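Residue numbers (the entry's author numbering), protein chains in the order written: chain F, 4 to 169; chain D, 2 to 389; chain C, 2 to 389; chain B, 18 to 527; chain A, 18 to 527.
Every residue gets a Cβ at the ideal spot worked out from N, C-alpha and C, and that includes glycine.
See below for the structure under consideration.
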Amino acid sequence: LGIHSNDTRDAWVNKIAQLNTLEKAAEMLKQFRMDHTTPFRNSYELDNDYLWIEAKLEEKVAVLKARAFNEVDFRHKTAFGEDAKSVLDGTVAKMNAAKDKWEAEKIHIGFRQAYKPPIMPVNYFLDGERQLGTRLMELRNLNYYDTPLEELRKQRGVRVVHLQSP
Amino acid sequence: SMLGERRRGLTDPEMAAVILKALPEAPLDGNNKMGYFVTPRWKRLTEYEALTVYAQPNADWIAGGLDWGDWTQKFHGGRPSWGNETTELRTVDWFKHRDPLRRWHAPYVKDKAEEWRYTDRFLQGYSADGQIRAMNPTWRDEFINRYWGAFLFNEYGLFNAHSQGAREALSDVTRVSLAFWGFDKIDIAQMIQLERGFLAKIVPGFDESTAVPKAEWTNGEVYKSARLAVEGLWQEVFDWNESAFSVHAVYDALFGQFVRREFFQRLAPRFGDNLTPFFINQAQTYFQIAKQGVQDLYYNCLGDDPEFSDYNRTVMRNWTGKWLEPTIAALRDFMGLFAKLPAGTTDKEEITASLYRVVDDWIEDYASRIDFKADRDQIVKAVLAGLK
Amino acid sequence: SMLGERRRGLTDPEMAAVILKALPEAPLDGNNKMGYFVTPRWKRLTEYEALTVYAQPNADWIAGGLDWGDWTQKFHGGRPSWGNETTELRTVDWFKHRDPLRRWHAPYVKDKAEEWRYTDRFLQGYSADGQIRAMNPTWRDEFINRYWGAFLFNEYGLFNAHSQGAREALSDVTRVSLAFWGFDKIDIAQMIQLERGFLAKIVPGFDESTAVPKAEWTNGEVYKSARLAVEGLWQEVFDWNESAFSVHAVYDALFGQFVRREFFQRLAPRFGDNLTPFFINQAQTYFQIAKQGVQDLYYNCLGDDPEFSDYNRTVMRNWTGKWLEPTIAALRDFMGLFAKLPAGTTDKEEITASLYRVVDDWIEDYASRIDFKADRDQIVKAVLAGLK
Amino acid sequence: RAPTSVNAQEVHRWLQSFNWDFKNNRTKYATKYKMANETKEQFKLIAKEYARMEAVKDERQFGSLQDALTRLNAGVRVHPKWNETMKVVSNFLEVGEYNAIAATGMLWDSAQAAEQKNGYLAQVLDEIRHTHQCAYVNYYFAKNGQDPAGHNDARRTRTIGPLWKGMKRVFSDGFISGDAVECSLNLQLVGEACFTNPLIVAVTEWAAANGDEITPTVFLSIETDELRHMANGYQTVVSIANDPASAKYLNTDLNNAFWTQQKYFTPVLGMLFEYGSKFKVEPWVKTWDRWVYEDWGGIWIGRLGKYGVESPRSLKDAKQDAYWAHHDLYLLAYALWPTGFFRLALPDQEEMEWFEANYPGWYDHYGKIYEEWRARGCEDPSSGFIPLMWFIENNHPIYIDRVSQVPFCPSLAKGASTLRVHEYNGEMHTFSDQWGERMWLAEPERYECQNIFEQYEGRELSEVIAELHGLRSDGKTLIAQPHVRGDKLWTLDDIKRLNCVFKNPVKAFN
Amino acid sequence: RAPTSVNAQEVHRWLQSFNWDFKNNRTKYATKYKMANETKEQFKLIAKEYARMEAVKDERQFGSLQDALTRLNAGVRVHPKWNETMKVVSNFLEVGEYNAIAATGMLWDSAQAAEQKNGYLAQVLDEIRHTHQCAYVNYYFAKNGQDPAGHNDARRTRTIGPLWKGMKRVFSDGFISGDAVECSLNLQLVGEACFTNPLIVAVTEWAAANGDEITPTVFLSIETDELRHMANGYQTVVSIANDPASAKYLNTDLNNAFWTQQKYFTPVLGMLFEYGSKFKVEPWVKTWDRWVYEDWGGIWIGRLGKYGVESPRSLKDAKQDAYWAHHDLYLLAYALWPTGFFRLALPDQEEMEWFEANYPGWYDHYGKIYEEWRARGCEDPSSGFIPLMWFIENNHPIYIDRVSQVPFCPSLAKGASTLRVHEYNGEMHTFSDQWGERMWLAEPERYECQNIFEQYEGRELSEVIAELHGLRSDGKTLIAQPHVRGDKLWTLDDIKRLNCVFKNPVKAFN
Ligand SMILES: [Fe+3]
Ligand SMILES: [Fe+3]
Ligand SMILES: [Fe+3]
Ligand SMILES: [Fe+3]
Ligand SMILES: [O-]
Ligand SMILES: [O-]
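Following this line, the structure appears as structure tokens:
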């Protein structure tokens, strides 16, 4: 009852099995990603199982989405009903408008949490990953070592618990 | 020196004695089969499976993975090294795929090397034998040079369409097959140029430059829709599976097969050209080889997935329709080339029979697999409407 | 057991130390080149030459031999194991010959093995690709099955003509080349049957039995004189050089090339047959490979021998005249096959032009090398008399 | 009618013209650089000639393996310690070869010039070959060796231990996650040019010294393909040298790449060589200085100077932290031996003398520790002692760097002892150096890898082993062992009785 | 439309039909027998498949040789005595392989059934492969061994010595001169089935025992082809069994062939094995009895009883003459050491004990002889002594059998001491046994081989050696040596100083 098979995982498989509405399933996924993924997760309580749980959710959302959407939409429409290309183009605009790396990072992370397939079509999603990632790196890698660690720690907003250097 | 300065533990008396002294009396485990934990596709586990399955370090969160935890380093933004998010298709285990030909690197290069060496011998025999003497000059200086040459850009484009897949494939068995499918495509492209280069050497005024065939491809009319379909399958598809499926189970299976088998392989022999068919034999041998792998992945494994069969079929029927249209257009534009042939080369009756061979073969080997209801008469009719 | 019971001197500590202690400080001779005394044909001695030249234990009384004295055991009556008496040709050294392709056993079977495995791949691709659908039924069932089939006996006969030479050849280099010339002929005969067996698998009703092709060969008219010539070259010639020379530099260079290249290779394509040419490609590759060896032995070495050039050319001209007549008769009877073709397949002008290509190639590659005064139009006119 | 043909170069001459222009003809991967579409490649190859040159090598290799080497029982007459070391060396290298396939696929997609794409493509195929070759080594030692366990299932057993996490960072994720150019630097400019190329040859050296003629046969064949990959890396820089973004980003991605690769190999390779062998070839401190400082840092990097490339700014730091690095890590690897998929041995008398001779001060620290552990019975199943207990008893916490995944013990290390602990949004993080700390601070979402203490927290050791199949055929004896002798092998029960339960060491700061 | 092809068996099914009838379709060679028109063959091969099965073997063989074995310096780490023995073993077998090509070409001509011709054909091709394989062994040892002389020019330097003459009888002329069936018996039914097939394997054992892993690699590969040849021999008997001529002639040609083969191999093989090695595998006396008496003269031969084949009537004499045969011959080979193309050594102390232990009485005869020769300085260049002189001083003439060419010294030999001297039409002839005497009396014109004494009569020793290129590259040091040490090598001047002049021993008779 640990690594690959455990009570918390069995619990979630039964939980997703209660889903039978693309809207419901799609909403739970988006919420799951908000609570348990990225350094901005609402908590680290599912740290050892969220990666696996997420995938199992995606499966339910994908199956429902294929049966609910028509060919045209499954290719150009998000699980929520948004127009993929619209979101993609919109997010990129904001990213290119980001004033700094701190702003850019927030845009990218958020995008992933909200539209990662089965929400947004893979073609549009990875296309965004391509444009968004480029801008994030451009801002982050400029004069990468200028800011001393003491200061960088403050910018990140981390709580320093211990430092030791002989 | 004769003995050398380096002492080897297998042959050096002192060192070997030390090694032998430390050896156990018998193996510390009787299970001497690497990959014993892999589920055999056939009667007994094969070398192909042992050496390949599970080489990819996927964690359990990617269907089939045996590892655990997140990746150690991800992309700026958070994207995983490999992830479920890179393809619409879903499965119970990405490691299920099996190349029917069980090709790992060694057998793969062994076979292609043999083909390279025999090809060289063939060319040396063909030229020494003076067989070029009975080849129709117009078919050579016009159809092989310009139109067959132009087709190399098609195969080349299909080759490049595999780049992302080489990076995103979610398993070793699928990554190896994809790589080989793509490498064979560039081989064909290079074989087209090889022939043009050969002709250049044995035909005084033959120019091997790709200038002519390239212009035809980039600006011509015969391959216009063909090029458009390629530019899309390659640079507009970000899903590694849609790319592989659409290219091999849609476009190349219809357009590609028609051009290679029903046009050049069929007409070249009529102009005293056994040279071009020597290379098409390779392209077709490769096409039929890859086909078995393509079928095993998208049908046996995905389309028939114990849990996502329905879903996957829907996605592929979707893709089948999405690209069937550009493929049809490609076939229509190509039809124009028939008007350039010398009077009496072929008749609408023959071309119609050749189109149905492609369509029927396609429906039999691909369309019916995912229950894609395709009408042979409408397809042939739509394409056929591109002649004079 | 683990290590086994047999101790090996290379790895056994005790034995290896015994070996090592007895070794010299350095090699007892710095000349580490086996065959160093062999006069190289090219810049540096080749592995082909080192492993081959002087393997035959000829004494000096057989031109070029390095040994001395009579054989240890001769035939009842006194015939020597090998001797000058087995061939009319003379030379300063029977070891001068060099296969331009430098084929010793390893390279030879390597290449043929590549051809075998690719042949198998090709057939599997051809069958799977359904390319048989567009092959003309009459050409398939009549000309390939009966007439191409009957030709296997011609190649089989030529193969057998090599048996005595395998036994009588006066040097290693010549024996190896001759063996390979013969082995390639049996291979071709077997590839003709291979194709018939293949068609029997992919074409319902096609009978792979050799009965029909054999009856054509033994009792038909088209190959009557061809068979008579083969029976003669094989069993009526007791001179191993007359056999190899007349087979390769007269009969097969004329009749063989015409049948393979100007009839089947030339017409098969016109009937949508890319299958037969696949195998004829091998036969022509083999023909051109053997030609280089045949030319080196008979022209470079014997016909240009510093001491017997004039003598050898006289004998070869003699043999050319002796065998040219039977060869013309063979071609003459073969002309009868053109009347069996569907109307419009070919015409007298095409036939004549193709005859001249073979005759002109023969005059250039063979006749001219020994100053044989061949009259190309006289030869062609004699053959054309066979057209019905 | 002269016999005529066409070769690879004659076709390659027109390869660059194979690509054509069109709106969406561009890389699908995020990147700060622009590879020039006129970039050429060094080797003028086509698919068929490539296959032939590799097929010939395969011929020799498999011929030696299947024939003479097998007839000589080469798979058996190898020192026990080395048989074990190859389980790690071959399988860990295998994943590097494997991810390199995907990496060059990504670089193939990045390049716009046909020749540069073709260059990367050749590597795609080469890395496929190397994957199967490393797999073959394990496959062969499993089939004919003295201990197949681990060789036969490393692909799943490697998962149990902490050393594997760091291997994935430099040989898996570092090769494919990030700016294509960054990955190229980790893989080719640094990975292959600085480490793998020299390493692969060095491995054949240590292998031969220890009776292993199997590895030299395969690895020497792999080595013949590396010149093409070196060139690929060199051309990567040349392809982006003219882009203005280069002067602004290249030296930082390179530095991050250099630190990333050395952070793992400095400790790990020296450990595998010196502690995983009986007969020694050369002291790791000497080897390291030559590879990193001389050959790479000097000659190799020097040639890229005209392209704006500079010696990594962290080079000085790397050299300072290197001296005791491998020695410090073996203590941890052995203390955690039950988590491996290979058998480990403590240094014998001759080795301790060798270590002290080459590393003054070695005995007084590491030597005395090992003798203490051995006298206490760390090699004997009935002792109830696993060295990890000694670390807990003497309050020596073992941490996992959040970035490199490299295990480190600040309170005991003779090498670097810095430690930085931060908390961010309900999660604690432990760093072992200032370069890795910067990486995390600036790119938090790139490094969320759970460490073994986090995953195994509260779990009893034997359960983890059992669940992840860390057992031999008999289903009771452990694959991993604290000695390399054939008797007194530890069983799952011997471990269960220890009642060792994992704890997340970072929680002590709560 | 399923993937289909055609295999060898499927084509072979129709091969018997390939041959057709015509008046002159008959063998071109003299023969007392008629090979049955319907004879079949065991292996259903066609050219393409034959090539593939041999190609696979070559790959493994050459891969081992070029890669691992070369890396292990296998060409060098062999006992000096064995490096010399392989000069003779590999080159002498080479001629057997070579003449076997011509022999099977002759049998291919003899056979009328297409399948039987085809079976012989495969052997023609196999014997070409074997010729090149034995060539490669000498080629390899010359290129990478401790002493290339002899290995590098045996094809011409073997003509200097008497042992070569006998080799040509059993492995050259015996294979191709006579009734095709008689030749088949010498080659296949006796030669390969009784001696070569067993010999080849035995050689790999003695080789491995003395550090030679090169020969095992090649010879074990040669061995994989012998099954086909054994079958050719068996089918030869079958093909002629139902012909009346068989009952009249078969057993006579078989008995003659057996004596021919045995006469040379009985003494020579045992000599190369026991005297040409350091480490022994098995006493020749037991090896011989098992090979000749049990395996062949019992099992194999008995299986052919149903076809009229009987155990050779001369088998008994062969056994009686066998025991001391090889010992008697080494005395002669060593005494005539300057005529060889290899270095020889006197039995060492440890060896003399082995000989005495395995051959009671060996010491009182041969042991004392060697001890005296060493005391006379047979190993030292300044002694001015060669064992031949000892034979002259003690009136022990050395004769050469007119038929088998095997040298013999009836006055000294512990084995057969028979000697028959005849004068005929102005020529003297010397025979050593009653079987060879009958052969000459009945077939005088088949045996006119001049012996070394007849050819060298009145010639000074150093002149013969010089003329036939018996020197090392320095053009002064002899290839042949009376010891295998690396120093004090005899030169042409050392021999010239002996002023040894050959004379024909038979001329003493009036
Ligand atoms: Fe690699
Ligand atoms: Fe590499
Ligand atoms: Fe043989
Ligand atoms: Fe044989
Ligand atoms: O590599
Ligand atoms: O043989």
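- Boundaries of the alpha helix (DSSP H) harbouring F/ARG115: 104-118, taken from the DSSP string.
- A/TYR416 is bridged by DSSP to A/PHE425.
- Taking the Cα positions, A/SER81 is about 6 Å away from B/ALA85.
- For the C-beta of D/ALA284, not a single chain B residue is nearer than 8 Å; the gap to the nearest is close to 12 Å.
- Here the region 426-436 of chain A makes contact with the region 336-347 of chain A; the two share three or more CB pairs at distances below 8 Å.
- In this structure, the straight-line span from the alpha carbon of B/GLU111 to that of B/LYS104 is close to 11 Å.
- Not flagged as an interface residue toward chain D: F/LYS68, since no C-beta distance is shorter than 7 Å.
- DSSP places B/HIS149 within a helical segment (H, G or I) once states are collapsed to three.
- Under the criterion of beta carbons closer than 8 Å, C/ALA64 and C/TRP95 qualify as touching, at roughly 5 Å.
- For A/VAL112, the enclosing alpha helix (DSSP H) stretches over residues 97-127.
- Looking only at D/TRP324, D/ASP334, D/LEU385, the smallest Cα-Cα distance to D/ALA368 is reached by D/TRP324.
- Note on geometry: alpha-carbon atoms of D/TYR37 and B/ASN249 lie some 37 Å from one another.
- Along the region 109-134 of chain C, there is no position whose C-beta sits under 9 Å from a C-beta of chain B.
- The three-state reading of DSSP puts B/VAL518 in strand, counting E and B together.
- Flagged as an interface residue toward chain A: B/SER81, by a C-beta distance shorter than 7 Å.
- The beta carbon of A/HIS149 falls within 7 Å of a beta carbon belonging to chain C, placing the residue at that interface.
- Taken through DSSP and simplified to helix, strand or coil, D/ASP362 comes out as helix.
- By the rule that beta-carbons nearer than 7 Å mark a contact, B/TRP354 does not touch chain D.
- In the structure shown, B/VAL298 adopts coil according to DSSP, grouped into three states.
- Going down the chain, each residue whose beta-carbon is closer than 7 Å to a heavy atom of ligand 4 shows up: A/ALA117, A/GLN140, A/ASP143, A/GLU144, A/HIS147, A/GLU209, A/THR213, A/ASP242, A/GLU243, A/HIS246.
- With a contact defined as Cβ atoms closer than 8 Å, A/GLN150 and A/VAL95 miss out at about 18 Å.
- Within chain D, no C-beta atom comes less than 7 Å from the C-beta of F/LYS102; the nearest is roughly 18 Å away.
- Contact between the region 36-56 of chain C and the region 166-183 of chain C is present: three or more C-beta pairs spanning the two stretches fall below 8 Å.
- Think of a sphere of 9 Å around the beta carbon of A/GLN163: the chain D residues whose beta carbon falls inside it are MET3, in chain order.
- Checking the DSSP bridge columns, you'll see F/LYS80 partnered with F/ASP86.
- Boundaries of the alpha helix (DSSP H) harbouring A/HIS344: 332-352, taken from the DSSP string.
- Per DSSP, the continuous alpha helix (DSSP H) segment holding C/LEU124 begins and ends at 106-129.
- At least one C-beta of chain F is nearer than 7 Å to the C-beta of B/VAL438.
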